[PDB]
Amino acid sequence: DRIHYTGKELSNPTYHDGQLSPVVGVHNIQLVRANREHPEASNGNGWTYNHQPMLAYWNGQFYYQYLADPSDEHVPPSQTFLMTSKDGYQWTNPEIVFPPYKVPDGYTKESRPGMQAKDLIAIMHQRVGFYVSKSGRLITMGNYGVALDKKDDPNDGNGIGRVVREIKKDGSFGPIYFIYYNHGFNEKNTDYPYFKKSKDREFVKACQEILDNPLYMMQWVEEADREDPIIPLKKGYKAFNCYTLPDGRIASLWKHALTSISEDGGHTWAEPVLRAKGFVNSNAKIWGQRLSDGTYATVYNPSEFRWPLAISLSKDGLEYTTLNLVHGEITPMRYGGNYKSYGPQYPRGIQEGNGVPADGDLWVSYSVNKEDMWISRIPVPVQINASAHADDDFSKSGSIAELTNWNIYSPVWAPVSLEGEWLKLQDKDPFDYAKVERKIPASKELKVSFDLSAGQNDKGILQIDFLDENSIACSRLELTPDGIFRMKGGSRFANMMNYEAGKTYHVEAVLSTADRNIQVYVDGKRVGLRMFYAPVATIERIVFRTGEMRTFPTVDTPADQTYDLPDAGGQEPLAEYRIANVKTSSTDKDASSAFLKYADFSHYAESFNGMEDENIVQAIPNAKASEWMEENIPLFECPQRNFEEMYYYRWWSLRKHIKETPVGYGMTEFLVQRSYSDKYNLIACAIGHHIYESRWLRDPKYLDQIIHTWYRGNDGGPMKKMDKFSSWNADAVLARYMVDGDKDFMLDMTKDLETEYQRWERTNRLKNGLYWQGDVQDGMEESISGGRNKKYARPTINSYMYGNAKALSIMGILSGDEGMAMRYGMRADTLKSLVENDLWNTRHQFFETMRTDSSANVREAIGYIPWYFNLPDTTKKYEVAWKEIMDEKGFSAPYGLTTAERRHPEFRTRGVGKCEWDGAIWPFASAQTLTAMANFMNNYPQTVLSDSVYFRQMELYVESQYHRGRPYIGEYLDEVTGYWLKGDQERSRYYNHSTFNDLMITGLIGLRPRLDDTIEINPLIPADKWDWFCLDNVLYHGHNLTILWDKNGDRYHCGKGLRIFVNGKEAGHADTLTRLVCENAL
Ligand SMILES: [Ca+2]
Ligand SMILES: [Ca+2]
Ligand code: NA
């Protein structure tokens, strides 16, 4: 329908930057600095009215066109300049491309009776400057109008006409021709020939293409004859620009952000043409374009004043949702003049078809004060926030174009440059300064360090500011022209030290928003302490500026400037400053998170604390839970409320189970006191789940102690009641190691795990080698396959021992113990063979319990446990077991996965309310099944299960975890009705007998933990399920990981697709949700 802005960000005209934070890495580069007193080829020979830039990119070079008069708008003479650049930073001198033109003596207008042209030069005015033809030729164009006096309008449709000339590869120009005559002008009374007279056929064709292109005729309407047939839309909407939407329609913009749409390539336009809703814009043009990443951007003055120059982003070219700074400085206007107004203005970029700059970035031309010509480079994809702290070595960059993480403001007479290890700021400009800004992650506690050298100590100024997102500086450091390094404390200053020229000082600044103070160190010694002179919530920028900010102009400054500033073309004596080795860091609890912040998720803990009573308090009360979460949890978001809420709930729930004991932390299963528990209410049944879930907690002390408590907490030895439940704990301890990388913890636990393994091996094997367990001792009383006081070979304990054996073999190799590797690897091969040969039921095609004589002939959830440890072979015959996931007669039920196949005649025949494992949904089991299903989907060539199937079962697990309208994790539930089968009984509340977030992290998001330095992800989310999601703040192998997905690029503004970050630096990328492997990125 129409271009519009729905962002809530407004620009405040009382500040020159609008209080807008800039996008990352914007370089503002001055191209032309007007100087009447010292005219030179490089400044257009002293002309001080310079305005209306045009931009193209052709044959590896930028072409920058602008117009100029000696001092006053519409006061002749008037001409058009051209400049070129390979890189956008270093430009050739302005070259006159269309020169002053004689208005014929005797010219008149109806609006000026009695006047005639005599010895009068025309006024130039163009809204379009460039066309690249189909044959790859570059045409530049301009137009001549007539101003009979100061007040006359050259764009009245009574002008002379429009001219063109070819720009050639070699830098030369072809001859000037007229392409359009205003009424009354023709070949016989104009001073350049008509374009059709050229003997260059291909040039003539190139010009003819301009005339046949309605998008170009739309940009001739202001100067062309009124009502001229060749103009598609005849109303004088101003400074037309357009771009192509993703569906191929064309969206237009004009001054005041008037906007329309064309469905026929620009021949006709939708009425009524109205201002783009929500856009703040006035008279100084708005530029819109498609970017190289497929998204869209507008650049404009978001204001009734011509400042700042800002950028708004859109994923689709219609809805714009952001507002940030491009250019926020205002050079003072040095030379007065007719219609010159203050600030950066008249933005204009490259038309579609007129070239794509090789760096992929967004380049926009504009003037400042209609006096100085500028360009800005904006990196694409356009990033709002910094995802990592600074740690910058400038010697690694050959030129400023490589300072992707620095915002740079570089006037011709105050340029920014590199000099080996140094970022250098120079300043000889009495009216401007050099300025660099390092945007960093918004921080409450901040350290900033850098090396600093000044080329002098008796002149110049350097201000160093620490800024929030609204340009509030909380503190300022200054190198003064009387040789003092000082800090601003309020109205007064702290003089910290005298500084000398040519000396390198190591500066460290420590800022705390909560304590509201800054401490400054030089060469390791504290030299300054002060309160912030302005309070801020967080600090996001460090700014280095070779001057004081000017308050002029304000919203109260008069519009017109008739004076020149004193010494308008003079110089200041040169001041230089150099910085190197810029580092920032934060001790904020969530500083390790690159995109997500805990403050946006703390509402979950708060809601959970308020929604119901706290029945039982262990080591971490509800009152401490949010703080604990902020320290310990990876952060997650997605667009589906229930998944996100469950993520946070299950962490909040798990945390209740951390218990203080005289031997350190323990982890409970039931919060209520159980009569069969070991010391400190410990129950061994779900330890494997406890470790798999808890391995993601960032502070290792909890899980270190929980494990040591089980194995050493009973007079230095293992808890006695570990013998009451089957164990996959050696597998779980290796799984922990694969997340945290802590070799010494794992190596030190090896003997304890061997002792555990050997006990089970001694007590629980049949003569044939298979393990037996009573179903009660798997924690699964009243199963169909069964075994209260039976010695059946269940695929529970056999797979677990397979897993423990395999894990202990691997721990042997990591120990350097090759004997142990073989001893346990042999046990693993032995058990794998026994499970495959003896527990695979060939009638059912399913792993099942082996009773004394024959199979139990019941498909149970326990039959999927072999895949929890990747036990089975890749052969096709085992696949078919997984079909029962999608069969209502198998495991598929309305609330998720049953513990026994629904077709079985003994399904749920042993009563209710007393913990029965003959069919009801048990999260303990669902978690096993889902872990196994993920392994199967990741590690096996497999055609039975899609992502939709896995996602759907995770969704049902989510939906099942509610009770009385609130998140709830209990013991077990009805597969058809969803009823949690202990009802409102206290015992079930916050049950810790399963995983959830381990499944979210390793299956759904798909982080696959490994022993090596390679990162492997493979999300099992279908294509088009979620437009975005992110898992952040993950502590994996001593590094902080982020995994994110952003289909349209607008959730995180770091590009489209699937991305992995390591400590906030991108490590890999894919266009789709699919397997992504980053080799040796750790
Ligand atoms: Ca152009
Ligand atoms: Ca200066
Ligand atoms: Na702001």
# chains A, B, ... in the order shown; residues from 1 in each chain; ligands from 1

$ select_by_dssp --residues "region 138-212 of chain A" --states "strand (DSSP E or B)" --output "list in words"
residues 138, 139, 140, 141, 142, 143, 144, 145, 161, 162, 163, 164, 165, 166, 167, 173, 177, 178, 179, 180, 181 and 194 of chain A

$ write_last_selection --atoms "N, CA, C and O atoms" --output "PDB file, in the first residue's frame"
ATOM      1  N   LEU A 138      28.229   5.867 -19.480  1.00  0.00           N
ATOM      2  CA  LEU A 138      27.834   6.734 -18.383  1.00  0.00           C
ATOM      3  C   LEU A 138      27.473   8.069 -18.967  1.00  0.00           C
ATOM      4  O   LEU A 138      28.311   8.699 -19.571  1.00  0.00           O
ATOM      5  N   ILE A 139      26.222   8.492 -18.785  1.00  0.00           N
ATOM      6  CA  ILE A 139      25.779   9.826 -19.194  1.00  0.00           C
ATOM      7  C   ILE A 139      25.565  10.662 -17.934  1.00  0.00           C
ATOM      8  O   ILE A 139      24.980  10.180 -16.949  1.00  0.00           O
ATOM      9  N   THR A 140      26.060  11.895 -17.946  1.00  0.00           N
ATOM     10  CA  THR A 140      25.749  12.846 -16.879  1.00  0.00           C
ATOM     11  C   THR A 140      24.917  13.971 -17.486  1.00  0.00           C
ATOM     12  O   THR A 140      25.026  14.253 -18.679  1.00  0.00           O
ATOM     13  N   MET A 141      24.041  14.573 -16.675  1.00  0.00           N
ATOM     14  CA  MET A 141      23.074  15.553 -17.194  1.00  0.00           C
ATOM     15  C   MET A 141      22.834  16.661 -16.210  1.00  0.00           C
ATOM     16  O   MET A 141      22.995  16.499 -14.997  1.00  0.00           O
ATOM     17  N   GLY A 142      22.469  17.813 -16.752  1.00  0.00           N
ATOM     18  CA  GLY A 142      22.068  18.936 -15.953  1.00  0.00           C
ATOM     19  C   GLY A 142      21.168  19.850 -16.734  1.00  0.00           C
ATOM     20  O   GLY A 142      20.931  19.632 -17.927  1.00  0.00           O
ATOM     21  N   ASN A 143      20.665  20.876 -16.067  1.00  0.00           N
ATOM     22  CA  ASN A 143      19.658  21.743 -16.657  1.00  0.00           C
ATOM     23  C   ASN A 143      19.949  23.215 -16.377  1.00  0.00           C
ATOM     24  O   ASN A 143      20.430  23.561 -15.302  1.00  0.00           O
ATOM     25  N   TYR A 144      19.642  24.072 -17.348  1.00  0.00           N
ATOM     26  CA  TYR A 144      19.796  25.523 -17.225  1.00  0.00           C
ATOM     27  C   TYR A 144      18.440  26.237 -17.150  1.00  0.00           C
ATOM     28  O   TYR A 144      17.628  26.112 -18.060  1.00  0.00           O
ATOM     29  N   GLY A 145      18.214  26.966 -16.050  1.00  0.00           N
ATOM     30  CA  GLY A 145      17.056  27.854 -15.857  1.00  0.00           C
ATOM     31  C   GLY A 145      17.489  29.317 -15.843  1.00  0.00           C
ATOM     32  O   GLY A 145      18.669  29.609 -15.987  1.00  0.00           O
ATOM     33  N   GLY A 161      16.878  24.669 -20.982  1.00  0.00           N
ATOM     34  CA  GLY A 161      16.825  23.256 -21.323  1.00  0.00           C
ATOM     35  C   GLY A 161      17.810  22.378 -20.585  1.00  0.00           C
ATOM     36  O   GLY A 161      18.608  22.848 -19.771  1.00  0.00           O
ATOM     37  N   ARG A 162      17.765  21.095 -20.920  1.00  0.00           N
ATOM     38  CA  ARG A 162      18.566  20.111 -20.259  1.00  0.00           C
ATOM     39  C   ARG A 162      19.665  19.606 -21.176  1.00  0.00           C
ATOM     40  O   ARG A 162      19.438  19.371 -22.355  1.00  0.00           O
ATOM     41  N   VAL A 163      20.856  19.448 -20.607  1.00  0.00           N
ATOM     42  CA  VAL A 163      22.037  19.041 -21.352  1.00  0.00           C
ATOM     43  C   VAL A 163      22.565  17.732 -20.804  1.00  0.00           C
ATOM     44  O   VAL A 163      22.298  17.368 -19.666  1.00  0.00           O
ATOM     45  N   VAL A 164      23.327  17.056 -21.650  1.00  0.00           N
ATOM     46  CA  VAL A 164      23.953  15.779 -21.349  1.00  0.00           C
ATOM     47  C   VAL A 164      25.350  15.769 -21.943  1.00  0.00           C
ATOM     48  O   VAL A 164      25.622  16.460 -22.927  1.00  0.00           O
ATOM     49  N   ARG A 165      26.210  14.946 -21.360  1.00  0.00           N
ATOM     50  CA  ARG A 165      27.462  14.549 -22.000  1.00  0.00           C
ATOM     51  C   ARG A 165      27.930  13.200 -21.477  1.00  0.00           C
ATOM     52  O   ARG A 165      27.613  12.823 -20.356  1.00  0.00           O
ATOM     53  N   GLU A 166      28.676  12.480 -22.304  1.00  0.00           N
ATOM     54  CA  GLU A 166      29.168  11.182 -21.925  1.00  0.00           C
ATOM     55  C   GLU A 166      30.399  11.347 -21.055  1.00  0.00           C
ATOM     56  O   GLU A 166      31.229  12.214 -21.314  1.00  0.00           O
ATOM     57  N   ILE A 167      30.493  10.526 -20.020  1.00  0.00           N
ATOM     58  CA  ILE A 167      31.734  10.335 -19.294  1.00  0.00           C
ATOM     59  C   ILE A 167      32.402   9.024 -19.772  1.00  0.00           C
ATOM     60  O   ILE A 167      31.797   7.954 -19.754  1.00  0.00           O
ATOM     61  N   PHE A 173      35.625  13.728 -21.105  1.00  0.00           N
ATOM     62  CA  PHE A 173      34.223  13.973 -21.427  1.00  0.00           C
ATOM     63  C   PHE A 173      33.999  14.063 -22.935  1.00  0.00           C
ATOM     64  O   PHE A 173      34.856  14.539 -23.694  1.00  0.00           O
ATOM     65  N   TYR A 177      25.592  18.164 -25.340  1.00  0.00           N
ATOM     66  CA  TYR A 177      24.420  18.341 -26.170  1.00  0.00           C
ATOM     67  C   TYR A 177      23.182  18.638 -25.319  1.00  0.00           C
ATOM     68  O   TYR A 177      23.121  18.300 -24.135  1.00  0.00           O
ATOM     69  N   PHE A 178      22.199  19.259 -25.956  1.00  0.00           N
ATOM     70  CA  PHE A 178      20.874  19.368 -25.400  1.00  0.00           C
ATOM     71  C   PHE A 178      20.081  18.091 -25.662  1.00  0.00           C
ATOM     72  O   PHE A 178      20.050  17.569 -26.780  1.00  0.00           O
ATOM     73  N   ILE A 179      19.433  17.618 -24.612  1.00  0.00           N
ATOM     74  CA  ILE A 179      18.502  16.510 -24.688  1.00  0.00           C
ATOM     75  C   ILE A 179      17.024  16.988 -24.602  1.00  0.00           C
ATOM     76  O   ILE A 179      16.116  16.287 -25.067  1.00  0.00           O
ATOM     77  N   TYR A 180      16.785  18.164 -24.012  1.00  0.00           N
ATOM     78  CA  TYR A 180      15.442  18.727 -23.903  1.00  0.00           C
ATOM     79  C   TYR A 180      15.507  20.253 -24.002  1.00  0.00           C
ATOM     80  O   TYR A 180      16.382  20.882 -23.400  1.00  0.00           O
ATOM     81  N   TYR A 181      14.583  20.828 -24.768  1.00  0.00           N
ATOM     82  CA  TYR A 181      14.430  22.277 -24.847  1.00  0.00           C
ATOM     83  C   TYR A 181      13.140  22.689 -24.173  1.00  0.00           C
ATOM     84  O   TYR A 181      12.076  22.097 -24.426  1.00  0.00           O
ATOM     85  N   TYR A 194      21.860  19.705 -30.592  1.00  0.00           N
ATOM     86  CA  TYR A 194      20.903  18.701 -30.154  1.00  0.00           C
ATOM     87  C   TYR A 194      21.554  17.315 -30.189  1.00  0.00           C
ATOM     88  O   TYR A 194      22.362  17.020 -31.068  1.00  0.00           O
TER      89      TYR A 194
END

$ residues_around --residues "region 936-944 of chain A" --least-positions-apart "2" --cutoff "7 Å" --atoms "only C-alpha atoms" --output "ChimeraX atom specification"
/A:867,874,879,882-883,932-934,946

$ write_last_selection --atoms "N, CA, C and O atoms" --output "mmCIF file, in the first residue's frame"
data_model
loop_
_atom_site.group_PDB
_atom_site.id
_atom_site.type_symbol
_atom_site.label_atom_id
_atom_site.label_comp_id
_atom_site.auth_asym_id
_atom_site.auth_seq_id
_atom_site.Cartn_x
_atom_site.Cartn_y
_atom_site.Cartn_z
ATOM 1 N N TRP A 867 18.915 -45.295 21.312
ATOM 2 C CA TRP A 867 19.314 -44.088 20.571
ATOM 3 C C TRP A 867 19.725 -42.885 21.442
ATOM 4 O O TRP A 867 20.404 -41.991 20.964
ATOM 5 N N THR A 874 23.460 -48.010 11.824
ATOM 6 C CA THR A 874 22.758 -47.166 10.848
ATOM 7 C C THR A 874 21.906 -47.976 9.856
ATOM 8 O O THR A 874 21.241 -47.394 9.003
ATOM 9 N N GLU A 879 15.206 -48.248 11.806
ATOM 10 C CA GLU A 879 14.404 -47.013 11.528
ATOM 11 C C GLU A 879 12.928 -47.178 11.837
ATOM 12 O O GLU A 879 12.300 -46.305 12.424
ATOM 13 N N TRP A 882 10.850 -45.947 14.864
ATOM 14 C CA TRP A 882 10.506 -44.550 15.002
ATOM 15 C C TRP A 882 9.168 -44.163 14.355
ATOM 16 O O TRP A 882 8.660 -43.070 14.616
ATOM 17 N N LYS A 883 8.584 -45.046 13.546
ATOM 18 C CA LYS A 883 7.263 -44.782 12.978
ATOM 19 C C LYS A 883 6.191 -44.695 14.056
ATOM 20 O O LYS A 883 5.190 -44.012 13.863
ATOM 21 N N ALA A 932 16.844 -39.014 22.469
ATOM 22 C CA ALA A 932 17.089 -40.093 21.519
ATOM 23 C C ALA A 932 16.649 -39.751 20.098
ATOM 24 O O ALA A 932 17.357 -40.064 19.139
ATOM 25 N N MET A 933 15.482 -39.113 19.965
ATOM 26 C CA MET A 933 14.922 -38.754 18.650
ATOM 27 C C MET A 933 15.803 -37.755 17.963
ATOM 28 O O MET A 933 16.053 -37.855 16.757
ATOM 29 N N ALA A 934 16.286 -36.795 18.742
ATOM 30 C CA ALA A 934 17.260 -35.829 18.253
ATOM 31 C C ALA A 934 18.550 -36.501 17.812
ATOM 32 O O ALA A 934 19.088 -36.142 16.776
ATOM 33 N N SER A 946 10.455 -36.030 10.122
ATOM 34 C CA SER A 946 10.765 -34.674 9.719
ATOM 35 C C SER A 946 10.951 -33.779 10.952
ATOM 36 O O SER A 946 10.623 -34.141 12.073
#

$ atom_distance --atom1 "CA of residue 565 (chain A)" --atom2 "CA of residue 461 (chain A)"
21.3 Å

$ residues_near_ligand --ligand "ligand 2" --cutoff "6 Å" --atoms "only C-alpha atoms and all ligand atoms" --output "ChimeraX atom specification"
/A:427-433,547

$ write_last_selection --atoms "N, CA, C and O atoms" --output "PDB file, in the first residue's frame"
ATOM      1  N   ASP A 427      43.732  18.357  13.270  1.00  0.00           N
ATOM      2  CA  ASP A 427      42.826  19.497  13.307  1.00  0.00           C
ATOM      3  C   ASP A 427      43.578  20.836  13.061  1.00  0.00           C
ATOM      4  O   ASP A 427      44.323  21.324  13.936  1.00  0.00           O
ATOM      5  N   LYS A 428      43.363  21.412  11.879  1.00  0.00           N
ATOM      6  CA  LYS A 428      43.803  22.772  11.590  1.00  0.00           C
ATOM      7  C   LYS A 428      42.631  23.639  11.179  1.00  0.00           C
ATOM      8  O   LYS A 428      42.832  24.690  10.587  1.00  0.00           O
ATOM      9  N   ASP A 429      41.423  23.222  11.536  1.00  0.00           N
ATOM     10  CA  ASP A 429      40.219  23.877  11.078  1.00  0.00           C
ATOM     11  C   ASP A 429      39.671  24.691  12.224  1.00  0.00           C
ATOM     12  O   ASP A 429      39.262  24.116  13.218  1.00  0.00           O
ATOM     13  N   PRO A 430      39.591  26.028  12.076  1.00  0.00           N
ATOM     14  CA  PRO A 430      38.996  26.847  13.139  1.00  0.00           C
ATOM     15  C   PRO A 430      37.519  26.654  13.351  1.00  0.00           C
ATOM     16  O   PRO A 430      36.993  27.135  14.355  1.00  0.00           O
ATOM     17  N   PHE A 431      36.858  26.014  12.389  1.00  0.00           N
ATOM     18  CA  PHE A 431      35.421  25.878  12.394  1.00  0.00           C
ATOM     19  C   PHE A 431      34.919  24.433  12.496  1.00  0.00           C
ATOM     20  O   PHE A 431      33.734  24.196  12.409  1.00  0.00           O
ATOM     21  N   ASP A 432      35.796  23.470  12.699  1.00  0.00           N
ATOM     22  CA  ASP A 432      35.372  22.075  12.793  1.00  0.00           C
ATOM     23  C   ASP A 432      36.442  21.287  13.541  1.00  0.00           C
ATOM     24  O   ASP A 432      37.468  21.856  13.932  1.00  0.00           O
ATOM     25  N   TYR A 433      36.193  19.992  13.745  1.00  0.00           N
ATOM     26  CA  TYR A 433      37.105  19.127  14.461  1.00  0.00           C
ATOM     27  C   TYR A 433      37.045  17.724  13.902  1.00  0.00           C
ATOM     28  O   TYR A 433      36.110  17.397  13.155  1.00  0.00           O
ATOM     29  N   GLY A 547      37.760  19.141  19.731  1.00  0.00           N
ATOM     30  CA  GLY A 547      37.078  20.431  19.887  1.00  0.00           C
ATOM     31  C   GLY A 547      35.892  20.345  20.828  1.00  0.00           C
ATOM     32  O   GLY A 547      35.471  19.262  21.230  1.00  0.00           O
TER      33      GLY A 547
END

$ atom_distance --atom1 "CA of residue 327 (chain A)" --atom2 "CA of residue 354 (chain A)"
24.3 Å

$ closest_atom_pairs --of "chain A" --to "ligand 3" --cutoff "7 Å" --atoms "only C-alpha atoms and all ligand atoms" --output "CSV"
residue,atom,partner,partner_atom_place_in_ligand_line,distance
A:19,CA,ligand 3,1 (Na),4.8
A:20,CA,ligand 3,1 (Na),4.2
A:21,CA,ligand 3,1 (Na),5.1
A:469,CA,ligand 3,1 (Na),4.6
A:470,CA,ligand 3,1 (Na),3.8
A:471,CA,ligand 3,1 (Na),6.9

$ residues_near_ligand --ligand "ligand 1" --cutoff "10 Å" --atoms "only C-alpha atoms and all ligand atoms" --output "ChimeraX atom specification"
/A:53-56,63-65,126-132,139-141,216,219,241,348-352,354

$ select_by_dssp --residues "region 873-913 of chain A" --states "helix (DSSP H, G or I)" --output "count of residues only"
11

$ atom_distance --atom1 "CA of residue 1026 (chain A)" --atom2 "CA of residue 248 (chain A)"
25.4 Å
